[PDB]
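> Model the structure of this input:
(5 chains)
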Amino acid sequence: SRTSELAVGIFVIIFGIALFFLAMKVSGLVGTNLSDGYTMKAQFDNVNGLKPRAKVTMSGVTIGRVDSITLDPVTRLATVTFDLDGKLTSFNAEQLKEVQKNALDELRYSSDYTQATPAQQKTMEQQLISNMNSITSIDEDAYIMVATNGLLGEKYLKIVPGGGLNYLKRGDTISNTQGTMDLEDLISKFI
Amino acid sequence: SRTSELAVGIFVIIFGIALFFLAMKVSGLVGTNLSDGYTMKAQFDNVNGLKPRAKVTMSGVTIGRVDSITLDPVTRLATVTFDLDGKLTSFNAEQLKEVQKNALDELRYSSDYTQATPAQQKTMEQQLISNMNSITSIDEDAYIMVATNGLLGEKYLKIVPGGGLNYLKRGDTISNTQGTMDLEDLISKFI
Amino acid sequence: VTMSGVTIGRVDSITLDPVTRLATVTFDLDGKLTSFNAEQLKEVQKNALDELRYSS
Amino acid sequence: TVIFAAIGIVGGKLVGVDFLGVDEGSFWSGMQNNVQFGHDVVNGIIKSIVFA
Amino acid sequence: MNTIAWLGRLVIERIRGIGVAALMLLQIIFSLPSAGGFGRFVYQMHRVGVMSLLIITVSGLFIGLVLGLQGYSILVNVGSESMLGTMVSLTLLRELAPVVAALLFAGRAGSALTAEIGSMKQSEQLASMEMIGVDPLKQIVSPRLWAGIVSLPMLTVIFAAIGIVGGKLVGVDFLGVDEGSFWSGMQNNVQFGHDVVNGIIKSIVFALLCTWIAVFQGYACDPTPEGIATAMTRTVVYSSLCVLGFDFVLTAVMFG
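Residues are numbered from 1 along each chain as shown, chains lettered A, B, ... in the order given. Next comes the structure:
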């Protein structure tokens, strides 16, 4: 009774090892729940070859997982919602307040003082509230894209931040996209 | 001959133990710590596809692997930290009297001694110190980048030296980086 | 390791010199078909010493 | 079947990487790209509950 | 230290047990056959071979439908499925049809011989046959051994032929690949003497082990109605370990 129930205990231990080895060592487990985990969206025309559970790559590191794609026939362009992170895409520090002091440094500077509101107080205090609620490091004008993995791998989403200076909230639509690019389309862009 | 029923019960269990460690050595759950390993860092922008336990090559030879990848969302860049191996990248006492000397014979050179020659004594006594100190075989002229080796993917890091009279230190910042240049750029330039 | 596309040898060890920054290969070659054995001296002695007694 | 699949990959890593001489890092990094968890490891378990 | 002492006593009896089964094989094959020995071999080819024909032909089809359905799902991403007819007929001919058709022969016709010779040992038919003067190794055991070495390599060919024809059904006629590039992909890459003959020599070494084990376990039983049934699982386990064990040794030699 003692050595029988023992040898079932050392049978569960070995199954626990070879379940962990399958997960973390040949499949990876980055999950559909990162820190917190909100959900933004975008709208493409050409999402071709994109199954559920893709990668969402920020600048070289996986930060999320694509949920599902749905095509509204009222406008014919495919939309997709995806989850992100908030410790990699936005501040949780006085960083949130650090970015206010450069935004009023270049825009309402000594040149463009009397080009916008030159005695702005509440418009300057609009900077104190618009930067603080649900802000991201992502600019207002990025461009998102379906990129391939290496040479002929799978397909995911990759965001390219850059240019301008305004920052967008959590749960919104990135209005700057471009779809995938198969062989046909390539020959097209060429000729 | 009673022990013959006990000499075989010992060489069965032990041979069943030695087939468990060799399944925990060639699997990557026990072992493969690196001798005199030291983990340096650099900041990249595109490290897509770059897994943990990747490859790091200096000239053609693998020296270490990759473990850690950071995303710094205050200024959005990547940050990588990876272990090298001290047996091929660090000097010993026979070379230490040489690697103190090989810059020292170029410390007293036509170029670097005739360099406000009253500071030949300043470029001699203050150098050797830190020198013989903690210093690997990597120059300051070396840049690190991501490469791939082949038309299908591996995604490894590459360190391209440049020579010099100055060397880096254990666990430091390799301050010449470069990310990858695939998909977009590639196709675009290749029309 | 190939001479014209024929496998003659295998590589055994790749080391890296820290000081000079030059890599190091160390291969083994089969000798049945790249060496001049006792028969095949007769082909090279009248050829490798024929370049020695040249006009140059 | 999990102990069968874990020992089979580790055994395949022994003759592939350590005896025939392929790269160890491209062995493992070729797995995490193409082998999902919920589509492959879970569907290999539901296939064995109907078999059991 | 009794468990270590019991474990060492277990593998010493299993080592001695090999030496009895080796001396039993040298007594069967080193003898000119008795008068009437061919009439019993034709009958024992019916029990071992012909009764096993239904399971092998049906199960050989089900692997072919899987190999055509899995090989198409992988070869459509790389877009090269003129090699579909190659990898189906290369997985079967050198690897699966020698191995799987020995894992089904150990079950159906392997363990049935151990019940057949085993029930003759508990009901004293073997002891009664010897007092008449007839030697039971030459009379009973030896037509069963030679009907096992012949009937398995005739069954891996029927396994391999039905597996390719089944793989042609789901590949060409259901998923829609070209029929002419299916067959012409075979004759380029699949030789005869390197692939079909080396798939037959691999099954003769397998047919010797799944029959010499399955005969020895039913001859050296302990005569007991629940000692027979414990020797029918000893002969399915030991056959499936020697099939997969001599697989790697024969693969490394033939395709190394």
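> just checking, what's the longest helix in the chain?
Just going to use chain A. Ranked by residue count, the top helix of chain A under DSSP state H comes out as helix A:2-23.
> Correction: the question concerned chain D.
From DSSP H, the single longest helix across chain D is helix D:2-16.
> Can you give me the buried ones in that one?
D:2, D:5-6, D:9-10, D:13-14 (16 or more other C-beta atoms under 10 Å in any protein chain shown). All C-beta spots, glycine's among them, are computed from the backbone N, C-alpha and C.
> elements contacting it?
Packing partners of helix D:2-16 (3 or more C-beta pairs under 8 Å, 6 or more residues apart in numbering or on different chains; DSSP states H and E): helix A:2-23.
> wait, does the helix or strand just after the longest helix of chain A contact chain B?
Downstream of helix A:2-23, the next assigned helix or strand under DSSP states H and E is strand A:39-43. No - on the criterion C-beta under 8 Å from any C-beta of the partner chain, strand A:39-43 is out of touch with chain B, staying 14.9 Å away.
> Residues of chain A that sit close to chain B?
Counting by C-beta under 8 Å from any C-beta, chain A sits next to chain B at A:17, A:21, A:25, A:57-61, A:63, A:87-91, A:93, A:95, A:98, A:137, A:145, A:147-151, A:153, A:158, A:161, A:181, A:186, A:190.
> These in strands, which ones?
A:57, A:63, A:145, A:147-148, A:158 (DSSP state E).
> residues touching the residue most central in space within chain A, list them.
Chain A has residue A:84 as the residue nearest its centroid, 4.6 Å off, counting by C-alpha atoms, centre = their mean. Contacts for residue A:84 were tallied using C-beta atoms under 8 Å, 6 or more residues apart in numbering or on different chains; they are A:34, A:37-40, A:56, A:63-64, A:170.
> What of residue A:134?
For residue A:134, the contact set (C-beta under 8 Å, 6+ apart) comprises A:169-171.
> next one: phi and psi at it?
Phi and psi for residue A:134, reported as degrees, to the nearest 10, are phi 50, psi 50.
> now it: how far from residue A:87?
14 Å (C-beta to C-beta, to the nearest Å).
> same thing with residue A:99?
Plainly put, residue A:99 is 16 Å away from residue A:87 if you go by C-beta to C-beta.
> So for those two, which residue has more residues nearby?
residue A:99 (16 against 13; other C-beta atoms under 10 Å in any protein chain shown).
> Determine the number of other residues adjacent to the nearest residue to the more buried one once chain neighbours are set aside.
Excluding its sequence neighbours, the residue lying closest to residue A:99 (C-beta to C-beta, 6 or more residues apart in numbering or on different chains) is residue A:131, at 6.2 Å. When neighbours are counted by other C-beta under 10 Å, residue A:131 registers 17.
> shouldn't residue A:131 be in contact with residue A:103?
Yes - with contact defined as C-beta atoms under 8 Å, residue A:131 counts as touching residue A:103 (7.4 Å).
> what sits against the residue nearest to residue A:99?
A:96-97, A:99-100, A:103, A:167.
> same check, this time on residue A:104
Residue A:104 sits next to A:124, A:127 when contact means C-beta under 8 Å, 6+ apart.
> C-terminal to the helix or strand harbouring it, what's the next element?
Residue A:104 is part of helix A:100-106, with elements assigned from DSSP H and E. Scanning forward in sequence from helix A:100-106 by DSSP H and E, the next helix or strand is helix A:122-130.
> What helices and strands are in contact with that following helix?
By 3+ C-beta pairs under 8 Å, 6+ apart, helix A:122-130 packs against helix A:100-106.
> That's all I had, so thanks and see you.
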